[PDB]
């Protein structure tokens, strides 16, 4: 019974990112998702929704892929699990590793280490950067620079990297080794710069942080090529070239968080490829498997892998491992996911239909007095709402405009996300989305928005 389900939920399930009391008490009503196909999902009540956020930037090949379910089945049946400790392996993990390196990763990458979450992958990154510096005799080169409004996960170290305050509240974060520099959102500049001027500003602010802390104390800089949860923010043109030069000058490792941007989302293999970023380390999850099974990976450059090898010769086996590291079923899911991305050229579809999404959002919302900015890249897009446009001046957060539009859209059968920063409505549809589906998405969001606007 659906009613006893919902009581069991309220009584016993602690959800992620859900108001504990309001949920437990019934004030925040629960929604049970039971099926889905293509870009549409279905709740327990039989209501169907267009999921223009692809779960959480992650159901990239779309819902209901029997091909992946069969791949998962066949592996679960043959060998669901053995460990990968002390050189042990399984077939799928071997194939997946060489495929990630040969076909998806930028040049210079060498090794892949697996977990199950974006958060655990970034945890691994910070371990590796500390290990690297310790084996090189640099015990104080340990601080990590992240950015305001960044999202890097929800643990203690990874929640510190995260530049959104909700992940810090009552958790004593950020930790002391994590420092935050500026969010590269041109729309929000010092308030009259050229794009190039704003880049130079971001560069000087980073240079100031480095000077205050001391370059010899900074191990790494971590960043999303395009900001996701912080509010769908492409980098300014020239940003990545200029930031990379600063990091190289100060011998600071670069970690590209590709959890959202990875595996076709922007119309390129990765955000790194898209923007000419040459990271030392890369974090992936989400579109790695299109969420069909949980899997994360850390991709390691030749340079860093060489120091890891060196560490092992001098100090023996590195103490790092998860029980389910390289889980056969999860690896098999990833292989089928990649087969589908590649065969259907969904990276191309993301570029193509993603540009159409940008176009249609601009046409629909660009001229409107309450829309401060329309922005995006590939199959990511956002609308940022402003009380005055003009003066670039945001609504009283108590008004909750982004949230009211999202709610209205949901009533009309469309899922889009109110992002945690400001009044921002985000779009991250599956990479299989068609032009017609975009027009359908935009029509509903447009109606929703007018209803709230009035």
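Numbering follows the first chain given and starts at 1.
* Asked: Taking the recorded C-alpha temperature factors, which stretch has the higher mean, 340 to 348 or 291 to 299?
  -> Stretch with the greater average CA B-factor: 340 to 348.
* Asked: Out of 77 to 85 and 188 to 196, which one has CA B-factors that are higher on average in the deposited record?
  -> According to the PDB entry, the answer is 188 to 196.
* Asked: In the PDB entry, which of 280, 258, 363, 120 has its C-alpha at the highest B-factor?
  -> Reading the PDB entry, the winner on C-alpha B-factor is 363.
* How does residue 165 rank on Cα B-factor within its chain, lowest, middle or highest third? -> Its C-alpha B-factor, which the entry lists for residue 165, ranks in the middle third among residues of this chain.
* Asked: By its CA B factor, does residue 436 count among the lowest, middle or highest third of the modelled residues in the chain?
  -> Within its chain, residue 436 is a highest-third residue by C-alpha B-factor, going by the deposited values.
* Relative C-alpha B-factor of residue 312, binned into the chain's lowest, middle or highest third -> Middle third by C-alpha B-factor.
* Asked: Among the modelled residues of its chain, does the C-alpha B-factor of residue 124 lie in the lowest, middle or highest third?
  -> Within its chain, residue 124 is a lowest-third residue by C-alpha B-factor, going by the deposited values.
* Asked: By the record's CA B-factor, is residue 212 among the lowest, middle or highest third of residues in the chain?
  -> CA B-factor rank for residue 212: middle third.
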